[PDB]
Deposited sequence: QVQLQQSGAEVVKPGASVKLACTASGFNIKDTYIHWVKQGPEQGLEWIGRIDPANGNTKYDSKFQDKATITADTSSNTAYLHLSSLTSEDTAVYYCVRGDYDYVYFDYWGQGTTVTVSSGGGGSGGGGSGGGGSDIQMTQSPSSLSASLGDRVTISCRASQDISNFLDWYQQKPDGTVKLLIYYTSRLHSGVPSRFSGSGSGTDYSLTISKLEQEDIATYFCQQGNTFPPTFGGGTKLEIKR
């Protein structure tokens, strides 16, 4: 089955560089697009860039064009993120992710590599909430411009696991229970969990996949009390 096994954490000094790795298994990275996503305390989830491993063609968010270099090796089925002249600002978790339709959606995520150094705006509401077992909760997001239903939802568990929940506003990813549903159009979208279970404790993120570069909302942390 699909795996994205990411390299171990890096602890480095300011001004150093690092090269993170992710070894895929159960599929060939030549058959998809491999992306890298930064999760830092300061800016949340930010798409860094991607590579088409079949031809090595890369694209980047301009914010990272001097910081990040993405490469891939089809033989070893491994993708890489090189980060140059590191600073405190680069301290983050770096996710390697796949998406066979580029950034329309990110259907599988690695576990994230910690690095410790010693444009459509998406907004989500609420930023956090506490609910009870069996409750119904609705989380919303607003895009700064019309994204024509190209809106995805991700669930990040406390252990760092990130999964695709819903894509294209309302389509459930494989294995996602019926309790999750999505709605909206234009700029305004929502995710509803109809009967909350204890396993739903997570941070929920939206993403638009319509407009280069893909951008994420700030997250909604759901707790159960």
Legend entry - Segments lacking C-alpha coordinates (deposited sequence numbering, starting at 1): 119-134, 242
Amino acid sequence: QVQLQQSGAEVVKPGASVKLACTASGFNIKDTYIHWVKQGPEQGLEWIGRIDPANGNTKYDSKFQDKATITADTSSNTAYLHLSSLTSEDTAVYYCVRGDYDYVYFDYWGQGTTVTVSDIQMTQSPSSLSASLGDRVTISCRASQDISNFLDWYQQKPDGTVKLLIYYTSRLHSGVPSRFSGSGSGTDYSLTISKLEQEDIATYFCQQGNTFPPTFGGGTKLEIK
From here on, numbers count along this sequence of modelled residues.
Legend entry - Residue stretch of maximal mean CA temperature factor, 158-166 vs 39-47: 39-47
Inset, instruction - Give the stretch, out of 97-105 and 70-78, with the larger mean C-alpha temperature factor in the deposited entry. - result: 70-78
Inset, instruction - Using the entry's values, work out which of 149, 144, 132, 124 has the largest Cα B factor. - result: 132
Legend entry - Candidate set 87, 114, 128, 111 [ranked by C-alpha B-factor, highest]: 87
Inset, instruction - Pull the Cα B-factor of residue 222 out of the PDB entry and bin it into the chain's lowest, middle or highest third. - result: middle
Inset, instruction - Tell me, lowest, middle or highest third: where does the Cα B factor of residue 1 rank within its chain? - result: highest
Legend entry - Within-chain third of residue 11 by Cα B-factor, per the entry: highest
Inset, instruction - Determine, from the deposited record, the chain-internal third of the Cα B-factor for residue 22: lowest, middle or highest. - result: lowest
Inset, instruction - Sort the modelled residues of this chain by their C-alpha B factor and say whether residue 172 lands in the lowest, middle or highest third. - result: middle
